[PDB]
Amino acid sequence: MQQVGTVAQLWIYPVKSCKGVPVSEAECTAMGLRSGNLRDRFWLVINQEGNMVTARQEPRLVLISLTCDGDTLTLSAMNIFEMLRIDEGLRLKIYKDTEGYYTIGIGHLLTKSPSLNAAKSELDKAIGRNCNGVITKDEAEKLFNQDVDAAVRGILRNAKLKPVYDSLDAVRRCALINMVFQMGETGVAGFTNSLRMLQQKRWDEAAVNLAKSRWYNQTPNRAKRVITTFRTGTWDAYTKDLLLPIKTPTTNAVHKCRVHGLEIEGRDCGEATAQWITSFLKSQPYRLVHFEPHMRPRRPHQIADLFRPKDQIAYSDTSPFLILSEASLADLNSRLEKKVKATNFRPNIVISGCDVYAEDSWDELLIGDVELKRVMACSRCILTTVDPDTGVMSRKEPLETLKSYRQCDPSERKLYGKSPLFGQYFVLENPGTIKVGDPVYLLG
């Protein structure tokens, strides 16, 4: 027909409320996207009562990734913020660091002055209120995000550190940011020989050389962790990744679970996964389960009667698919102080090349050989405020800004209430494969 956009991103969220997996191609099934062994919201974290655990309860779920390399599933939860939380700790009252300097939060230096008045003046300036030397964890995490971003910006402006940083893989980049956070750019830039070895990928030699430094002697247990990260390119010294086979043994228990009030089964993924998730979240005992295709699916028509009786989902909130356009996202962002990415809204298909909110009027789409049918708008909640990089829920933006201008028409206030609309729910009319780059055609 007529092209109305192009597929820009495809996202599968294998575990409900956890990190998305970007893909260049995906099968469109009646239940949602599939890439190999990963299917959209086919895994679920449950509590001891069998009830879902979502990012409304545990926003740090968004830090967990489940990925698949053909033969093996990997669970991982680490990134620079988590690495530095482990190494820097958390203190909500002004304290003195090991050099005697007034500090607060996650290693946030307030001043080198011996004056407590100066430390408290810096604190109140940085937080924007009269804290009397005490902050909340949310405030400590805000300062932390600022400090990490500043460390990275600084590395990228440093002619000695940028070439090494650019040369490093993602995990080893975190180890370099870690050192800069601890000791500052100039200190790290002084590690001339180790930095050369790192840029040359001489990992064992770099590790041997880094352990001879004053840094190692002053903080040997932290340095040992950072050095292991440089040596191996893994998270072995922090929350170590868990490697699992794709096939869960049928001797594992099947649990009766509850997702948004309705029952659905899942196969327990085993004690290793339960322990790993629970330890990372520091939570009550949780399990991971997986939906198997002989189990009874949940029925979107029971949730919202605009969906067809035949529609089926596993653990998704309501719909097999969520579609969003770049234009819609850019329009929201022009109204926000803190910019957001598509990840906050957890769409499966992001389309470029259209005007704002064009998807709201795309009733029937053809993408590749796949036909999709629009059902209703996606109404948003606090999950959009959960930050994908830090796992910290703002509980405010961007949901407030969306509340300001994206409420549903008065003619439509039975379905959505006052939850703002952002993105569109679609169902499958014809199975097939879609690819990033595919033109999107409006039918009819």
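In case it trips you up, residue 1 is the first one in the sequence shown, and so on.
For the two regions 432-440 and 418-426, the entry's Cα B-factors average higher over 418-426.
Relative to its counterpart among 151-159 and 307-315, 151-159 has the higher mean temperature factor, C-alpha atoms as listed in the PDB entry. Of all the options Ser76, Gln146, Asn79, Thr192, the entry's greatest CA B-factor is assigned to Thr192.
The residue among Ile264, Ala140, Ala118, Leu176 whose C-alpha carries the highest B-factor in the deposited model is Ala118. Looking at the C-alpha B-factors along this chain, the one for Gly128 belongs to the highest third. Remark: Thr385 belongs to the highest third of its chain, ranked by C-alpha B-factor as recorded. Ranked against the other modelled residues of its chain, the C-alpha B-factor of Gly270 as given in the entry falls in the middle third. The PDB entry assigns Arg56 a C-alpha temperature factor belonging to the middle third of its chain's modelled residues.
Looking at the C-alpha B-factors along this chain, the one for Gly32 belongs to the lowest third.
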